[PDB]
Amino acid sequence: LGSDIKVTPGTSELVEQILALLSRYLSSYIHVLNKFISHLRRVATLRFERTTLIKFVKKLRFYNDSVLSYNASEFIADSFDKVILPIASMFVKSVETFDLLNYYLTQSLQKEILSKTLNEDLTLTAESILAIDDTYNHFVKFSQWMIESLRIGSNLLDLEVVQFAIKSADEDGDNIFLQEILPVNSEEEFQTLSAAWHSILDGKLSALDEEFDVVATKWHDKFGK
């Protein structure tokens, strides 16, 4: 399966730019979670939840270190598919990790916090939860685009949420994830669509950072240095 498409001299840099988006998404979480984990030290009832978040922040930090230390030029005539495949695979692994963490962080933990404490100073803002979901949805769709546009898809690369939306549709009759992805016909066409994707995701990552700062500020105003 795939393209026929070969790498060019500008491929190494394209890959570094894609990986940098992922590093930025990971880091953004790591910074807000370090903060939260610190405020939770003070709450005796949240001790085991705190340790679950620690376990998550370590995985994120490991993925971020792995991405940051990857030298893409080392692994690059190679077909363009051969080069994008490990990057797409890293995206998929990260996205599935975020799906799990997002559920724990924005849903069950939010409810557990209210059940334990009734303390809404300890919860996320509604807007941070929207920015969380919105950022995830776009990284899902970006990953779907990288994979489907080059026809390198497989069962092993499917994302849970994309397949859920397909199976849900096939037993009903438009949804973000259900829209068709056009095959790209050259690297130039991929280069260009990547760049337009880069612009969109960078916008979402900034909205996410903003909401994370609003929440960090909230916890700081209420709980202190």
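Residue numbers run from 1 along the displayed sequence.
Trainee: If the chain runs straight from residue 85 to residue 86, say none; otherwise bin the unmodelled deposited residues as 1 to 3, 4 to 9, or 10 or more.
Mentor: The entry has no gap there; residue 85 and residue 86 are joined directly.
Trainee: Which fits the stretch between residue 173 and residue 174: none, 1 to 3, 4 to 9, or 10 or more deposited residues lacking coordinates?
Mentor: Unmodelled stretch: 4 to 9 residues.
Trainee: Mean C-alpha B factor from the entry: is it higher for 135-143 or for 99-107?
Mentor: Result: 135-143.
Trainee: Tell me which stretch, 198-206 or 5-13, has the higher mean Cα B-factor listed in the entry.
Mentor: Between 5-13 and 198-206, it is 5-13.
Trainee: Among 29, 36, 190, 48, single out the one with the highest C-alpha B factor in the record, please.
Mentor: In this record, 190 carries the highest C-alpha B-factor of the candidates.
Trainee: Per the coordinate record, which of the options 76, 92, 129, 122 holds the highest CA temperature factor?
Mentor: Answer for 76, 92, 129, 122: 76, with the highest C-alpha B-factor.
Trainee: Pull the Cα B-factor of residue 66 out of the PDB entry and bin it into the chain's lowest, middle or highest third.
Mentor: It belongs to the middle third of the chain when residues are ordered by C-alpha B-factor.
Trainee: Give the position of residue 72 by CA B-factor within its chain, expressed as the lowest, middle or highest third.
Mentor: Within its chain, residue 72 is a highest-third residue by C-alpha B-factor, going by the deposited values.
Trainee: Please say which third, lowest, middle or highest, residue 43 falls into when its CA temperature factor is compared across its chain.
Mentor: CA B-factor rank for residue 43: lowest third.
Trainee: When the modelled residues of the chain are sorted by Cα temperature factor, does residue 169 land in the lowest, middle or highest third?
Mentor: Highest third, going by the recorded CA B-factors of the chain.
Trainee: Would you check the entry's CA temperature factor for residue 157 and let me know if it's in the chain's lowest, middle or highest third?
Mentor: Middle third.
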